[PDB]
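Indexing begins at 1, ligand by ligand and atom by atom, following the structure's order. Computed from heavy atoms alone, side chains included, the values below leave out hydrogens, waters and symmetry copies. Positions are given from 1, in the same order as the sequence printed here.
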Amino acid sequence: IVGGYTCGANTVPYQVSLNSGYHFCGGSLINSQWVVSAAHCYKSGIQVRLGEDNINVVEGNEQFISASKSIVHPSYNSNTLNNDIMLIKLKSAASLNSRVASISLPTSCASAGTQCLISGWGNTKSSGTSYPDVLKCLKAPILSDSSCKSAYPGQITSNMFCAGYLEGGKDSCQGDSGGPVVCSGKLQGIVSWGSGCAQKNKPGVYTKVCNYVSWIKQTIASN
Ligand SMILES: [Ca+2]
């Protein structure tokens with residue numbers, strides 16, 4: 001997260017870190033057994049880390065649970081990042097509490113102009129590299145479809161939306177990938193891609209979760 005703020009320990013209790021020996025992506029806990037992340041975050045041997053604030057220090061509220069299954073969207077295309085969504089099943093159910101909690105899936109898509117909460121442990125520099133210890137947060141508005149397509153001509157599908165600031169300086173970034181965009185208390189986006197981070201006229205691009213609720217529900221009911 002570039003240009004954001006320190007969330008506060010466990011104030012984003014659905015935020016997970018995906019660890020394969022190191023933090024590499026975020027994700028969102030949607031019930032005690034399932035995490036939503038980006039398909040581009042797929043790899044084998046994922047351990048899901050819940051209840052994290054400082055990802056480098058055991059502070060006492062973490063739950064570390066291995067992934068038992070990862071399901072990449074059937075139509076995921078890594079070249080275009082269309083359908084950049086994956087489900088991760090936990091080997092055992094998380095214990096839900098005040099610091100580890102699920103985020104609701106949307107019943108309707110979110111609206112342009114709504115301020116959403118984006119969070120993660122990704123790079124905090126728009127040029128160069130600096131990674132935070134504690135979870136970072138950014139409030140950013142959903143941009144109009146037309147402005148999103150104007151920023152990324154030929155690259156925005158109906159399964160993507162833009163959020164952020166055309167002036168630059170505030171954005172998600174690498175390492176936030178797979179993490180949540182929460183609007184009005186619902187998971188509406190997944191950190192997906194962008195040109196650089198926090199660059200002028202290049203806002204963040206996010207997977208449009210509301211298009212995937214039927215697939216999520218069917219998949220969870222069968223796995
Ligand atoms: Ca920790």
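Residue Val57: an N/O/S atom is found under 3.0 Å from the Ca ion (ligand 1). The Ca ion (ligand 1) lies at 3.0 Å or more from every N, O or S atom belonging to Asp53. Distance check for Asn54 against the Ca ion (ligand 1): an N/O/S atom falls below 3.0 Å.
Taking the Ca ion (ligand 1) as the apex, the angle formed with OE1 of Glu52 and OE2 of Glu62 is 100°, to the nearest 10 degrees.
Between the side chains of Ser172 and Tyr206, a donor-acceptor pair is found at a separation under 3.5 Å.
Formation of a donor-acceptor pair under 3.5 Å by the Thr207 side chain with backbone atoms of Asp84 is found in this model.
Between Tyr152 and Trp193, the distance separating the two ring centers is shorter than 6.0 angstrom.
Taking a 6.0 Å sphere around NZ of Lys149, one finds it holds 12 or fewer heavy atoms contributed by other residues, nucleotides or ligands.
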